[PDB]
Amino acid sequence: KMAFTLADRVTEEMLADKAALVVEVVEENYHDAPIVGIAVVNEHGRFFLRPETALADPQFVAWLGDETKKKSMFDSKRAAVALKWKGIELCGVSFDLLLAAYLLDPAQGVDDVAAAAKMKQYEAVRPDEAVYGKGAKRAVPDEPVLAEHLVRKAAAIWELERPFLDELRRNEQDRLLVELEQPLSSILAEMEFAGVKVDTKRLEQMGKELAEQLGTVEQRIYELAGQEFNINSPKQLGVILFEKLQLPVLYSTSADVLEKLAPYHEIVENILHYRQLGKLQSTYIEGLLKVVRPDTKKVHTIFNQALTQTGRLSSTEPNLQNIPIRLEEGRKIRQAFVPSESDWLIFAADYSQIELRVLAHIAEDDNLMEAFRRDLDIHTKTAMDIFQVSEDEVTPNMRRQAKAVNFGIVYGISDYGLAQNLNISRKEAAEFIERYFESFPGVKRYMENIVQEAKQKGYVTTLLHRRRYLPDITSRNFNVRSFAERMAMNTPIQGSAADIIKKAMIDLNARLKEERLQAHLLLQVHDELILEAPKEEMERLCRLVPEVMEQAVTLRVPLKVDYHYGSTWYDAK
């Protein structure tokens, strides 16, 4: 057993100017969720507090909100947001063990204190899953069990801060934690708590029309197949296509396959159309409506800041980072995302080709840097170079194929992978790649060098010193090793872009505050920032937002930001 005081009231010694603090929210989605318990560990001892008591105590609430009273936590954003829903401000979080663990090694998948602790041979704390259970059997245990668990977590955080900070310093990542990820955590908390207003009537109207079109195409499919079957079943669909109708096998029924089969039978295009409507209906209408809060008609995503292996955020419940845009039918979903106040507008700013600009910078490729210095259309320029033609001679198919090469280069180029993407032979794809590297020899040297460096050091890094370990780079299995080489090529690009936009968000918020604008961030989608603001602020934002985003870092090429605003997210185009 670990010793602690199970307090009935808050005392002064619990309010020291440095503590490990646990404000426990067990529900996965912490929005408007209960706080089940509080633990504090500091120089004076270890304390468990009941939240109905602590959170009603003015001295404790003042302590929580006092920036000069420093707290060490794990996933402080969870606590901060749960407290925001209770009208309580959390300040002074100086160390977040989740973010520290994430920066040291995102591959550990650390999502509880016990997992972080094990990184430093500290095992005197249980995994959350062992305490709460998983799935439907999940539950908050009785007080003695709960209290001991929260105290052990606080004690672990209290013990682990120094070793974690020491290692971050050794890796030259301590500023990344303290000046980037931790401040960003607070900004993410604000964005999540603000939420995004949804026009549910509009979504419901779209739902109704979709359902009608769905019925129509569904019956057309049955008529064409000469029978009814579950179109969403791969088994049944595969039978209909490849046995009853005898279509060729190029069973995979992925979209790319169906697109190749479309010429053989009228049913195929109907099946694609059906899947597409069904996607919109199930995921982007019905699924979105399920998570809208009925009182305020807002969705409050959770941005997972300690999940991706490259330093990107992810977004859940709902995922607001994969709302359709490419095809008009799906893009209309965005008409349902609206400003939260009357006479406000949505303002969206996106980096133009940030990944290829970062590549130009890190590779110091003269041709690619010159292309961005001239603000050329990069896909047209790449086509000119690889196909050896003048700008006026670049055909649409050529630009399309060059664009695909540009994607492959950023992802970690593969002849089989590019070949798959363009529906061409491996030798054909290999020729394109060779021509690319002939035109961009700095990029080739960079790709060769970064793989060698990954092998030598064991990891790759981003501009702001994020790291990703790549143990498979030495595998004697070709496929395993090749995937690791692709990660070595891609991670510094994708990850540096993530560093840049994170810093831009911090810089933007500081400027917004200085200027006392009411404008605020709502979402980030990897290389874009979505805000809402009074209509009277648009002219100022048109100058401020792109400037801050462009100046977040200084590269060997310019950063370029495009922007638009409108009455809904759809119209901010």
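One-based numbering along the sequence shown.
Per the record, residue 136 and residue 137 are directly connected, as no deposited residue between them is missing from the model. On average the C-alpha atoms of 280-288 have higher B-factors than those of the other stretch, with 280-288 and 440-448 being the two compared. When the mean C-alpha temperature factors of 199-207 and 234-242 are read from the deposited coordinates, 234-242 comes out higher. In the PDB entry, the Cα temperature factor peaks, among 420, 182, 353, 301, at 420. Residue set 217, 454, 124, 147: peak C-alpha B-factor at 217 (per PDB entry). Ranked against the other modelled residues of its chain, the C-alpha B-factor of residue 141 as given in the entry falls in the highest third. Among the modelled residues of its chain, residue 536 has a C-alpha B-factor that falls in the middle third, as given in the PDB entry. Per the PDB record, residue ranking by Cα B-factor puts residue 130 in the highest third of the chain. Among the modelled residues of its chain, residue 503 has a C-alpha B-factor that falls in the lowest third, as given in the PDB entry.
The deposited CA B-factor of residue 178 belongs to the middle third of values across its chain.
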